[PDB]
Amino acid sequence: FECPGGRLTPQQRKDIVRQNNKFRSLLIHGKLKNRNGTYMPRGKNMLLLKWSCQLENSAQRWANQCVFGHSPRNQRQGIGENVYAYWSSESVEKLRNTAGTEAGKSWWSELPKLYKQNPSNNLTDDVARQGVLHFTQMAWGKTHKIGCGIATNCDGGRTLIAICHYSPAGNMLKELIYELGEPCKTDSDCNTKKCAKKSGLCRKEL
């Protein structure tokens, strides 16, 4: 959680990772409702997210622009991107320390508010069209790397922007968001061959 030249604190990085992994674990344990009021299906092989300084560096470069939008495609090759902003009429400095976790709650909130019952867990065109792509990237079983950048100087210090980058990039159409199964109990349950038993998520390093 130490990233040379970074503008985040170690704690911010940890809070972001711990929150997103908690979400993932709650999800694969069947504890989270979709828009229809029905629990999402239990999952297996959901990777445990690791912080990547490389990802933070690209996300931070974009956050520094103070633009509420995506970075250009050619700077996002192989990489997912989620964008969050908070617009105040006063200073946002007090919001910096929870920027990442507020952003994760906002992206993640797509599940209960916009994500209709999808039993196959397949990311079809009709599922994608709902605007659940921020949530689906945070939930993407194959993604295992996350890095985020934050700007609080935007609009005279009155706008907060948080940018998170994910690798590998999630949201490939016609692939499942995550595999249907049981959370890992032992290493051999995981295709990566290492299981985080407390969370039921599979470990994948870097």
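Residue positions are given as counts along the sequence shown, with the first one as 1.
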Averaging only over Cα atoms, indicate whether 156-164 or 66-74 has the higher B-factor in the PDB entry.
66-74
Per the PDB entry, mean CA B-factor is higher for 30-38 or 55-63, namely for 30-38
Tell me, please, which of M46, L173, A151, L49 has the highest C-alpha B factor according to the deposited entry?
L173
Looking at the C-alpha B-factor values in the deposited entry, which of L114, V83, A99, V92 comes out highest?
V92
Using only modelled residues of the chain, where does the Cα B factor of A103 rank: lowest third, middle third or highest third?
lowest
Ranking every modelled residue in this chain by its Cα temperature factor as given in the entry, which third contains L201?
lowest
CA B-factor ranking of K194, expressed as a third of its chain:
middle
Would you mind checking where the Cα B-factor of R24 ranks among the modelled residues of its chain, as the lowest, middle or highest third?
lowest
